[PDB]
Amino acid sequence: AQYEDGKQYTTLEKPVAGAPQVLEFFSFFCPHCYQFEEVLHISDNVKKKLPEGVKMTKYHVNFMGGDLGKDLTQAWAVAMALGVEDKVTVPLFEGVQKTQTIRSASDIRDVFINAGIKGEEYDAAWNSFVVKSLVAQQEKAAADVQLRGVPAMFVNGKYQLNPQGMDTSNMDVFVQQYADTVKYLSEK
């Protein structure tokens, strides 16, 4: 067919019941994740084409960047809890990969402060059990699919996107093929 199992996507041999509808994993240390988010805008373009009612989840992972990697998973939890993902995603990516000015948990906190989150509110969230349960959700979801690389996208805990089987000569055309493929998988 046009969309072949084992070509533009693969099927999980062990489907994950109760998984989010569209689930993306990334790391702020991940160079291809920087491309996906900062240059290609994959998440946003997948969104604009998802059928009505289908929600998108994006989680950070621990297996890159050591201690600071784990701090970023907790920071991403804070972002989700405060609903400020769209305010901190760019300066966190640029802080880790462009300026290389993020070297500690305090440097991460500075990004939120600069983005207008009050220090007391960031600190309260950072230490909150609501944030600890969000960190757990991120770890569990990665574990549910035995995740060992990013970027990665899963649909209905059944299907994993396979972008390596795609032409990347034109960035726009690649992004829309990626998005149209998620839409297809969503309708399966």
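Numbering starts at 1 and follows the sequence shown.
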item	value
Entry-level comparison of average CA B-factors, 11-19 and 161-169, reporting the higher stretch	11-19
Mean C-alpha temperature factor, higher of 96-104 and 114-122	114-122
Of the residues 130, 42, 30, 147, the one carrying the largest Cα B-factor as recorded	147
Criterion, highest CA B-factor; candidates, 48, 140, 70, 58	48
For residue 135, the third of its chain into which the C-alpha B factor falls	lowest
Third assignment of residue 153 from its chain's C-alpha B-factors	middle
